[PDB]
Amino acid sequence: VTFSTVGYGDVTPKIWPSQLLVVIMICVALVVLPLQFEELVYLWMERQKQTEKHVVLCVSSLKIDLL
Amino acid sequence: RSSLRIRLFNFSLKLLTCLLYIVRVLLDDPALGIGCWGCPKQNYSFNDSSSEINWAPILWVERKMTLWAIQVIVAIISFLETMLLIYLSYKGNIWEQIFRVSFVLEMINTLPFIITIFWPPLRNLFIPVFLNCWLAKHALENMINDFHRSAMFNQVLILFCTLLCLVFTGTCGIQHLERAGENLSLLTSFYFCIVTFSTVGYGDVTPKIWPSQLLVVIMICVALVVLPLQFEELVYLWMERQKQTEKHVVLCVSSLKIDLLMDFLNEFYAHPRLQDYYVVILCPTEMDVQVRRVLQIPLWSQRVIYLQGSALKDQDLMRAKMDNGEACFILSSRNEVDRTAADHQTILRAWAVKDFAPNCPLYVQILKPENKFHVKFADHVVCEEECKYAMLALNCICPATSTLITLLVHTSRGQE
Amino acid sequence: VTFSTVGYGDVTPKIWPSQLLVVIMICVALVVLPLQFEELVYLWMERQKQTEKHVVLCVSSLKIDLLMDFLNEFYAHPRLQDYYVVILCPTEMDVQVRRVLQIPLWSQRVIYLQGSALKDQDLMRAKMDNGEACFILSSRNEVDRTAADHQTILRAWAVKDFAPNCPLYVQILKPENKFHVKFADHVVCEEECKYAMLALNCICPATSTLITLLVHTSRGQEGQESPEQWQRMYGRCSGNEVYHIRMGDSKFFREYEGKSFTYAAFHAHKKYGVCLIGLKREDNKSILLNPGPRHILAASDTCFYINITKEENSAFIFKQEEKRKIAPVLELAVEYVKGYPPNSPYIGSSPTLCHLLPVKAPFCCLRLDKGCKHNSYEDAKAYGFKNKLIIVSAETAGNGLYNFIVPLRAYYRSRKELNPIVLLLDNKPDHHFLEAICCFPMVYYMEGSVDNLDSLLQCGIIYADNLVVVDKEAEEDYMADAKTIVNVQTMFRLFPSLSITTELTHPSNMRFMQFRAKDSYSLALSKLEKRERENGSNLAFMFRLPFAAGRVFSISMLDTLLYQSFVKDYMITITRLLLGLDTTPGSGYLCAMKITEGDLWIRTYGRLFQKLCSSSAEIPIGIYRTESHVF
Ligand SMILES: [K+]
Ligand SMILES: [K+]
Ligand SMILES: [K+]
Ligand SMILES: [K+]
Ligand SMILES: [K+]
Ligand SMILES: [K+]
């Protein structure tokens, strides 16, 4: 519930080292996950390039008048 | 340059006074007593039921004699150099210097310390020195245009810089505004701000008075109108920026088609000895769409490497690691309407690879027989017109010689 | 704190009506705000379509070879480090240019604006009114050079109309369009300099190499780690450039006040190693190369000298001087007629006194293959020439090819050493060209090219001293010279003893001129060239055998001659005076002399310097040294 930014508050750090770890761990997530997201965006970008009784229409160039 | 030394000093001077605020808040104890100066320091306490909030802890801050002395010295130096920079460069205008939001912040942080000299009782007064963030970040932005000390990194650092302060401005603000209530320590306030700007919002430490609640609302609104500006500039730079193992062979061609590629992969990789090899393709044109679909197949994704470049450019030769290549296949283009022009290109490409990597076995495919003697130096040369017509002629003596030669030059196990 | 998804929990709904309102408001936000974000994305998508001391670079299409040749030369000067460069090209930026412009070194300096010089708004965006210089360069890849020249004439007029007080630097392709841009501060004609340099290569070999290494700003640090002696001395002496300094304030020359030019040129070379090639009097603007021994120096003269380092930047040699501390040179001093050619093909053609036929030759006699009434000869064998021929394999014969013949037929050239000129054109020459050349002695033309062995054998390639190739000839940019390199290579194999001179668009193709793939030494020079490229040397092509011997030069050197003119306004005039493209009265010409065994009693270059300036008053620039390098 912390990394999903929910943060209920029923169980929270109560000592400063435990508070410091949460602050650091949030900062780590904000600098590690975007690197994975950026690589995912790159791979998604490169990747971008029924029933029965059908008939096929083989043409060389389809224009709106012919269709 | 002396001007760069001035800007660097100014940036160091802004970060120095931000630190000296921290050392003040670290060395100031409100529990011992607060007051204006000297006269009647009083102890203050928080009553939750009391709807009236004592502004004396907020208004008055107990400041040491030495700390106030070094602060006003730096503050005066801050004003002197900002006035120097303003007066040095008018740029043909006298107005529009105050409407830009860098001079008003410098006023609010600087002039009160000048006023505190006039009134010794007013020396222990609170001033938003922590806002010297935005001048320091702005000063770093101005300096980043001068020298590197890496194009997107400068914006990423600026985004980190505006993130670092947006905490800093919140933390000192939330802590001081909480001197009236809950007397939050600096570390606790810092933990509060981090979980606030990350939209976590635990709720173990929250504002309990309206001045503290209002600051959080404003600080959230500031984040929603400052961070997106950084993200948009980051998007622009990322968009503009958008334009292995050993035992590899290079395939230098002019235009790569799906028919030619598979005829190579089905033959080069049909040998077990050539399984660990990966293939570098050096074609000066953009990858054919049908080639991209094949190169995204898991079988060929890690083996075939497509580099867009020319064999006549040494950097493209360096990217292909031709000096370590086990072989270079310089193939000719048959779809071209000018075969002599095509032959001249593979002759230069053979010379370019031989000049760059002399100890690399060249494998040249020549179209016209008259250009064959320029690439006689190559380890293995194939002439298209020589073989094609000799096979056709042999078909007129011994029939289906073109089939006999075809089935002999294809690596198959005879399971068809 | 609710709509920012923080949700502290210190103040929360406690009854189901207030709880329900929060739920429906969170839902309302999730279905209303994305509508606003989508519209903002649309507008952002549709919307997607400094300091002082800047210079503008107005071109038609910007390519990586041209940009780097400018950046390496413009920024090689410490005075030009704070400058940033504005590029005004009407086309979208080339991909290879974007990669360079994203390099941290060039990101803040090079500014690329897409626009036309004929639009004042683009001129306003470039801040041309504040620009220190405008470089209007021409496009060589275009198939219509006359159309290209007309564009750079209008661009020169557009900048002069918008910012009249801005020094223009124009690069003109054809000589006939040169007089429209005569107003410009510094003009370079490509065809004028290319053909005069090729012609001089047939008189003084490797003149193209000599001129090239002088118009490149280098410190002479190339090849200093090479084990070969010829690579250390030739890589050091390449750092020479032509500088200027007033006579009175020149520690090199000020001690020669009242002495002759020949006296100062020798002793300065004898003492400090500088070569005083010419001066410019304060009264006139004309620059005289080797004004003569009769010229007496004065304290107000501007002295043009060749040296590795500038006088101001040579504080070490004066400091090194303080660490230590043949007749003598005097302190004081058919028969062809000689006349100017009748028909100058274009305006601005500098009139040079040339050897001329007594009677204008008819257009029929200027042809080799076809015989006429005066002679029935059909090839060079039938003519029975007494000297070796010069074969020029051009495409079309225009004003540029006219500039090839004038240096070869000048009056100071030897009459008995006149080389017959055979123009191997593939297009029939126009009558305008023949009207220009019909007066010159022994100038012929024949249809053909260098890719046809039959035409060259009829031209007289067996007894030809030189074969000059200038024929014109793609997305892959370096493939432009593919046809020229291979066609010259064929003759390098058929005629290994023939001396071929060639011009190439890109200097990186100079390695391919005479390619010996089964050669250890030539391919070893490739590694040496890589080290110079690693050391940031713009003279990387320097150590190739063809370029060093003068066989090939790239016309990209004329780009550098124009960029250097921003810091050396005399460079264009100095180069033209060497090529003879402008004939200032009282100015010298570039000659060449051959040292035989009869001159071996002169041990060193310095002693030869003394001999010439004490008797013949000649000032030697350099040495064409040839060794035995069995392959
Ligand atoms: K959240
Ligand atoms: K939350
Ligand atoms: K929460
Ligand atoms: K088999
Ligand atoms: K130099
Ligand atoms: K030089």
# chains A, B, ... in the order shown; residues from 1 in each chain; ligands from 1
call {"tool": "interface_residues", "arguments": {"of": "chain B", "to": "chain A", "cutoff": "8 Å", "atoms": "only C-alpha atoms", "output": "list in words"}}
result
residues 187, 188, 191, 194, 195, 198, 199, 200, 201, 202, 203, 204, 289, 292, 293 and 296 of chain B
call {"tool": "residues_around", "arguments": {"residues": "region 409-412 of chain C", "least_positions_apart": "4", "cutoff": "12 Å", "atoms": "only C-alpha atoms", "output": "PyMOL selection string"}}
result
chain C and resi 196+199-200+202-203+336-341+351-357+402-405+416-421+437+439-443+579-581+583+588-592
call {"tool": "interface_residues", "arguments": {"of": "chain C", "to": "chain A", "cutoff": "9 Å", "atoms": "only C-alpha atoms", "output": "NGL selection string"}}
result
:C and (5-9)
call {"tool": "write_last_selection", "arguments": {"atoms": "C-alpha atoms", "output": "compact mmCIF listing (two decimals), in the first residue's frame"}}
result
# COMPACT_ATOMS: atom_id res chain seq x y z
CA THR C 5 -4.83 11.36 -4.11
CA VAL C 6 -3.01 12.12 -0.84
CA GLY C 7 -5.79 11.24 1.59
CA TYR C 8 -4.28 11.99 4.99
CA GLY C 9 -7.23 10.72 7.01
call {"tool": "residues_near_ligand", "arguments": {"ligand": "ligand 5", "cutoff": "6 Å", "atoms": "only C-alpha atoms and all ligand atoms", "output": "ChimeraX atom specification"}}
result
/C:217-219,239-241,308-309
call {"tool": "residues_around", "arguments": {"residues": "residue 226 (chain C)", "least_positions_apart": "6", "cutoff": "12 Å", "atoms": "only C-alpha atoms", "output": "list in words"}}
result
residues 232, 233, 234, 235, 236, 524, 525, 527, 528, 529, 531, 532 and 543 of chain C
call {"tool": "atom_distance", "arguments": {"atom1": "CA of residue 52 (chain B)", "atom2": "CA of residue 214 (chain B)"}}
result
15.9 Å
call {"tool": "residues_around", "arguments": {"residues": "residue 151 (chain B)", "least_positions_apart": "6", "cutoff": "12 Å", "atoms": "only C-alpha atoms", "output": "PyMOL selection string"}}
result
(chain B and resi 144-145+157-158+233-234+236-238+240-241) or (chain C and resi 99+101-108)
call {"tool": "write_last_selection", "arguments": {"atoms": "N, CA and C atoms", "output": "PDB file, in the first residue's frame"}}
result
ATOM      1  N   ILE B 144      23.724  26.709 -16.432  1.00  0.00           N
ATOM      2  CA  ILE B 144      23.760  25.504 -17.254  1.00  0.00           C
ATOM      3  C   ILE B 144      23.816  25.827 -18.742  1.00  0.00           C
ATOM      4  N   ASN B 145      23.405  27.034 -19.138  1.00  0.00           N
ATOM      5  CA  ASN B 145      23.536  27.445 -20.530  1.00  0.00           C
ATOM      6  C   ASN B 145      24.968  27.823 -20.891  1.00  0.00           C
ATOM      7  N   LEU B 157      18.853  16.817 -14.168  1.00  0.00           N
ATOM      8  CA  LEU B 157      19.393  17.441 -12.965  1.00  0.00           C
ATOM      9  C   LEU B 157      18.511  18.593 -12.500  1.00  0.00           C
ATOM     10  N   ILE B 158      17.999  19.387 -13.443  1.00  0.00           N
ATOM     11  CA  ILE B 158      17.116  20.492 -13.088  1.00  0.00           C
ATOM     12  C   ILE B 158      15.818  19.968 -12.483  1.00  0.00           C
ATOM     13  N   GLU B 233       9.278  19.782 -20.741  1.00  0.00           N
ATOM     14  CA  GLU B 233      10.606  19.993 -21.306  1.00  0.00           C
ATOM     15  C   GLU B 233      11.369  18.678 -21.414  1.00  0.00           C
ATOM     16  N   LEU B 234      11.174  17.781 -20.446  1.00  0.00           N
ATOM     17  CA  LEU B 234      11.789  16.460 -20.520  1.00  0.00           C
ATOM     18  C   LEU B 234      11.254  15.670 -21.707  1.00  0.00           C
ATOM     19  N   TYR B 236      10.136  16.922 -24.549  1.00  0.00           N
ATOM     20  CA  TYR B 236      10.710  17.496 -25.764  1.00  0.00           C
ATOM     21  C   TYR B 236      12.106  16.934 -26.015  1.00  0.00           C
ATOM     22  N   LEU B 237      12.970  16.972 -24.997  1.00  0.00           N
ATOM     23  CA  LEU B 237      14.340  16.500 -25.175  1.00  0.00           C
ATOM     24  C   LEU B 237      14.375  15.014 -25.504  1.00  0.00           C
ATOM     25  N   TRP B 238      13.513  14.223 -24.863  1.00  0.00           N
ATOM     26  CA  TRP B 238      13.453  12.797 -25.167  1.00  0.00           C
ATOM     27  C   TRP B 238      12.964  12.562 -26.591  1.00  0.00           C
ATOM     28  N   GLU B 240      13.198  14.720 -29.206  1.00  0.00           N
ATOM     29  CA  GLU B 240      14.237  15.154 -30.135  1.00  0.00           C
ATOM     30  C   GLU B 240      15.402  14.173 -30.154  1.00  0.00           C
ATOM     31  N   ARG B 241      15.738  13.601 -28.996  1.00  0.00           N
ATOM     32  CA  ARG B 241      16.816  12.623 -28.909  1.00  0.00           C
ATOM     33  C   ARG B 241      16.509  11.353 -29.695  1.00  0.00           C
TER      34      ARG B 241
ATOM     35  N   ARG C  99      22.409  14.384 -35.268  1.00  0.00           N
ATOM     36  CA  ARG C  99      23.264  13.643 -34.346  1.00  0.00           C
ATOM     37  C   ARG C  99      24.464  14.478 -33.917  1.00  0.00           C
ATOM     38  N   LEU C 101      24.497  17.830 -33.996  1.00  0.00           N
ATOM     39  CA  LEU C 101      23.982  18.975 -33.251  1.00  0.00           C
ATOM     40  C   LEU C 101      23.556  18.607 -31.835  1.00  0.00           C
ATOM     41  N   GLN C 102      23.371  17.322 -31.543  1.00  0.00           N
ATOM     42  CA  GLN C 102      23.083  16.884 -30.185  1.00  0.00           C
ATOM     43  C   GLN C 102      24.342  16.571 -29.388  1.00  0.00           C
ATOM     44  N   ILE C 103      25.509  16.618 -30.017  1.00  0.00           N
ATOM     45  CA  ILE C 103      26.772  16.488 -29.281  1.00  0.00           C
ATOM     46  C   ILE C 103      26.932  17.692 -28.362  1.00  0.00           C
ATOM     47  N   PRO C 104      27.376  17.509 -27.114  1.00  0.00           N
ATOM     48  CA  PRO C 104      27.463  18.656 -26.192  1.00  0.00           C
ATOM     49  C   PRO C 104      28.359  19.777 -26.687  1.00  0.00           C
ATOM     50  N   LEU C 105      29.371  19.470 -27.502  1.00  0.00           N
ATOM     51  CA  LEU C 105      30.253  20.515 -28.009  1.00  0.00           C
ATOM     52  C   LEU C 105      29.517  21.465 -28.948  1.00  0.00           C
ATOM     53  N   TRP C 106      28.634  20.931 -29.793  1.00  0.00           N
ATOM     54  CA  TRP C 106      27.982  21.720 -30.829  1.00  0.00           C
ATOM     55  C   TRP C 106      26.539  22.086 -30.507  1.00  0.00           C
ATOM     56  N   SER C 107      25.992  21.614 -29.384  1.00  0.00           N
ATOM     57  CA  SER C 107      24.588  21.877 -29.082  1.00  0.00           C
ATOM     58  C   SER C 107      24.331  23.359 -28.842  1.00  0.00           C
ATOM     59  N   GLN C 108      25.201  24.016 -28.077  1.00  0.00           N
ATOM     60  CA  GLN C 108      25.009  25.415 -27.724  1.00  0.00           C
ATOM     61  C   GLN C 108      25.575  26.382 -28.755  1.00  0.00           C
TER      62      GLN C 108
END
call {"tool": "interface_residues", "arguments": {"of": "chain B", "to": "chain C", "cutoff": "8 Å", "atoms": "only C-alpha atoms", "output": "PyMOL selection string"}}
result
chain B and resi 145+148+150-151+196+199-203+206+217+220+241+243+284+310+312-313+341+344-345+347-348+351+354-356+358+377
call {"tool": "residues_around", "arguments": {"residues": "residue 113 (chain B)", "least_positions_apart": "4", "cutoff": "9 Å", "atoms": "only C-alpha atoms", "output": "VMD selection string"}}
result
chain B and resid 68 71 to 72 75 to 76 109 117 123 125 127
call {"tool": "residues_around", "arguments": {"residues": "residue 175 (chain C)", "least_positions_apart": "3", "cutoff": "12 Å", "atoms": "only C-alpha atoms", "output": "PyMOL selection string"}}
result
chain C and resi 145-146+149+171-172+178-182+187-195+344-350+398-403+581
call {"tool": "write_last_selection", "arguments": {"atoms": "N, CA and C atoms", "output": "short mmCIF file (atom, residue, chain, number, x, y, z; two decimals), in the first residue's frame"}}
result
data_model
loop_
_atom_site.label_atom_id
_atom_site.label_comp_id
_atom_site.auth_asym_id
_atom_site.auth_seq_id
_atom_site.Cartn_x
_atom_site.Cartn_y
_atom_site.Cartn_z
N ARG C 145 23.75 23.68 -62.24
CA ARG C 145 24.63 24.62 -61.55
C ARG C 145 24.25 26.07 -61.83
N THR C 146 23.75 26.36 -63.03
CA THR C 146 23.29 27.72 -63.32
C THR C 146 22.10 28.09 -62.45
N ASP C 149 23.57 28.77 -58.98
CA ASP C 149 24.22 30.07 -58.88
C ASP C 149 23.21 31.20 -58.79
N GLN C 171 30.13 31.85 -52.26
CA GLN C 171 30.80 30.79 -53.01
C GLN C 171 30.03 30.60 -54.32
N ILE C 172 30.66 30.96 -55.43
CA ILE C 172 30.03 30.95 -56.74
C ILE C 172 30.59 29.79 -57.55
N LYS C 178 29.82 35.48 -61.62
CA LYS C 178 30.66 36.06 -60.58
C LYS C 178 30.52 37.58 -60.48
N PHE C 179 30.16 38.25 -61.57
CA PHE C 179 30.12 39.70 -61.57
C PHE C 179 28.81 40.26 -61.01
N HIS C 180 27.82 39.41 -60.76
CA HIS C 180 26.63 39.86 -60.04
C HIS C 180 26.90 40.02 -58.55
N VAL C 181 27.82 39.24 -58.00
CA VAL C 181 28.15 39.29 -56.58
C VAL C 181 29.52 39.93 -56.35
N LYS C 182 29.97 40.78 -57.28
CA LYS C 182 31.24 41.46 -57.10
C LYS C 182 31.22 42.39 -55.89
N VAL C 187 34.61 36.76 -52.44
CA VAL C 187 33.96 35.84 -53.37
C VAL C 187 34.97 34.80 -53.81
N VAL C 188 34.53 33.54 -53.85
CA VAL C 188 35.34 32.43 -54.34
C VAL C 188 34.59 31.75 -55.47
N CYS C 189 35.24 31.62 -56.62
CA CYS C 189 34.66 30.95 -57.78
C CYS C 189 35.23 29.54 -57.86
N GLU C 190 34.35 28.54 -57.82
CA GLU C 190 34.80 27.16 -57.77
C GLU C 190 35.50 26.76 -59.06
N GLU C 191 34.87 27.02 -60.21
CA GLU C 191 35.44 26.59 -61.48
C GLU C 191 36.72 27.35 -61.82
N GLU C 192 36.81 28.62 -61.43
CA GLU C 192 38.02 29.39 -61.69
C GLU C 192 39.22 28.80 -60.97
N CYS C 193 39.08 28.51 -59.67
CA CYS C 193 40.22 28.04 -58.89
C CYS C 193 40.54 26.59 -59.19
N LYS C 194 39.52 25.77 -59.44
CA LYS C 194 39.75 24.34 -59.68
C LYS C 194 40.58 24.13 -60.95
N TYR C 195 40.21 24.82 -62.03
CA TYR C 195 40.89 24.61 -63.30
C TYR C 195 42.26 25.27 -63.34
N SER C 344 37.09 37.58 -74.37
CA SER C 344 36.96 37.11 -73.00
C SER C 344 35.59 36.47 -72.83
N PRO C 345 35.51 35.19 -72.44
CA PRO C 345 34.20 34.52 -72.39
C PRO C 345 33.23 35.10 -71.38
N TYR C 346 33.70 35.81 -70.36
CA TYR C 346 32.81 36.32 -69.33
C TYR C 346 33.39 37.59 -68.73
N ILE C 347 32.53 38.36 -68.07
CA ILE C 347 32.93 39.59 -67.41
C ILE C 347 33.71 39.24 -66.14
N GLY C 348 34.78 39.98 -65.88
CA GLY C 348 35.64 39.70 -64.76
C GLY C 348 36.79 38.77 -65.06
N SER C 349 36.86 38.22 -66.27
CA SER C 349 37.98 37.38 -66.67
C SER C 349 39.24 38.23 -66.72
N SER C 350 40.16 37.97 -65.80
CA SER C 350 41.37 38.77 -65.69
C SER C 350 42.21 38.64 -66.95
N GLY C 398 32.98 25.08 -70.95
CA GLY C 398 32.45 26.38 -70.64
C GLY C 398 33.55 27.35 -70.25
N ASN C 399 33.20 28.29 -69.38
CA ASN C 399 34.17 29.27 -68.92
C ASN C 399 35.18 28.67 -67.95
N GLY C 400 34.79 27.61 -67.24
CA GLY C 400 35.73 26.96 -66.34
C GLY C 400 36.90 26.32 -67.07
N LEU C 401 36.61 25.60 -68.16
CA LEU C 401 37.68 24.98 -68.94
C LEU C 401 38.55 26.03 -69.63
N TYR C 402 38.01 27.23 -69.86
CA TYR C 402 38.82 28.31 -70.39
C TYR C 402 39.93 28.69 -69.41
N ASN C 403 39.63 28.66 -68.11
CA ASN C 403 40.62 28.95 -67.09
C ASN C 403 41.68 27.87 -66.97
N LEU C 581 44.85 33.79 -61.36
CA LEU C 581 43.48 34.15 -61.67
C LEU C 581 43.26 35.66 -61.66
#
call {"tool": "residues_near_ligand", "arguments": {"ligand": "ligand 4", "cutoff": "8 Å", "atoms": "only C-alpha atoms and all ligand atoms", "output": "list in words"}}
result
residues 411, 412, 413 and 414 of chain B
call {"tool": "decode", "arguments": {"residues": "region 16-100 of chain C", "atoms": "C-alpha atoms", "output": "compact mmCIF listing (two decimals), in the first residue's frame"}}
result
# COMPACT_ATOMS: atom_id res chain seq x y z
CA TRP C 16 -22.87 7.60 4.73
CA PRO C 17 -24.22 10.71 2.90
CA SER C 18 -20.83 12.42 3.13
CA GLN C 19 -19.06 9.16 2.27
CA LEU C 20 -21.28 8.75 -0.80
CA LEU C 21 -20.52 12.30 -1.96
CA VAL C 22 -16.77 11.60 -1.87
CA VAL C 23 -17.26 8.45 -3.95
CA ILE C 24 -19.35 10.18 -6.62
CA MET C 25 -16.93 13.13 -6.72
CA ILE C 26 -13.94 10.83 -7.22
CA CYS C 27 -15.92 9.23 -10.04
CA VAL C 28 -16.83 12.65 -11.46
CA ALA C 29 -13.17 13.69 -11.47
CA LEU C 30 -12.14 10.48 -13.26
CA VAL C 31 -14.65 11.13 -16.08
CA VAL C 32 -14.27 14.93 -16.40
CA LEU C 33 -10.55 15.65 -16.05
CA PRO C 34 -9.45 13.12 -18.74
CA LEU C 35 -11.67 15.01 -21.20
CA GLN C 36 -9.66 18.16 -20.47
CA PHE C 37 -6.37 16.24 -20.67
CA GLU C 38 -7.31 14.77 -24.06
CA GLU C 39 -8.03 18.24 -25.45
CA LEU C 40 -4.73 19.50 -24.05
CA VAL C 41 -2.94 16.60 -25.75
CA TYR C 42 -4.57 17.54 -29.05
CA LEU C 43 -3.52 21.20 -28.79
CA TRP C 44 0.01 20.23 -27.71
CA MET C 45 0.30 17.80 -30.63
CA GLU C 46 -0.98 20.32 -33.18
CA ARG C 47 1.27 23.03 -31.72
CA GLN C 48 4.31 20.80 -32.41
CA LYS C 49 4.08 21.74 -36.10
CA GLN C 50 21.53 33.61 -27.03
CA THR C 51 24.78 35.61 -26.88
CA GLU C 52 26.33 38.11 -29.29
CA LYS C 53 29.05 37.58 -31.93
CA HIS C 54 27.37 35.15 -34.31
CA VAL C 55 27.82 34.35 -37.99
CA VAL C 56 25.13 33.08 -40.36
CA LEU C 57 25.60 30.15 -42.76
CA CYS C 58 22.97 30.45 -45.50
CA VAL C 59 22.86 27.26 -47.60
CA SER C 60 20.30 25.37 -49.68
CA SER C 61 20.91 21.88 -48.27
CA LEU C 62 23.17 21.26 -45.28
CA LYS C 63 25.15 18.02 -45.23
CA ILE C 64 27.49 16.55 -42.62
CA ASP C 65 30.58 16.85 -44.83
CA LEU C 66 30.02 20.57 -45.38
CA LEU C 67 29.08 21.35 -41.77
CA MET C 68 32.12 19.64 -40.24
CA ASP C 69 34.45 21.25 -42.78
CA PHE C 70 33.10 24.60 -41.54
CA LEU C 71 33.12 23.83 -37.81
CA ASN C 72 36.64 22.39 -37.91
CA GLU C 73 37.89 25.58 -39.62
CA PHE C 74 35.73 28.32 -38.07
CA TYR C 75 36.38 27.08 -34.52
CA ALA C 76 40.07 26.27 -35.04
CA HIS C 77 40.84 29.91 -34.15
CA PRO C 78 40.89 30.89 -30.45
CA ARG C 79 39.39 34.29 -31.32
CA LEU C 80 36.28 32.53 -32.70
CA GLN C 81 35.46 30.41 -29.63
CA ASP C 82 32.67 32.53 -28.11
CA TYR C 83 30.98 32.70 -31.53
CA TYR C 84 27.88 30.66 -32.26
CA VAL C 85 26.75 29.65 -35.74
CA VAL C 86 23.30 30.19 -37.26
CA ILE C 87 22.37 27.90 -40.16
CA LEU C 88 19.58 28.99 -42.51
CA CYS C 89 18.64 26.08 -44.78
CA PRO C 90 15.12 25.84 -46.29
CA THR C 91 15.04 22.03 -45.94
CA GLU C 92 14.48 19.79 -42.94
CA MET C 93 17.66 19.02 -41.02
CA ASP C 94 19.58 15.99 -42.27
CA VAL C 95 19.58 13.12 -39.78
CA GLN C 96 23.38 13.00 -39.66
CA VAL C 97 23.32 16.73 -38.85
CA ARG C 98 20.95 16.24 -35.90
CA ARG C 99 23.26 13.64 -34.35
CA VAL C 100 26.16 16.11 -34.50
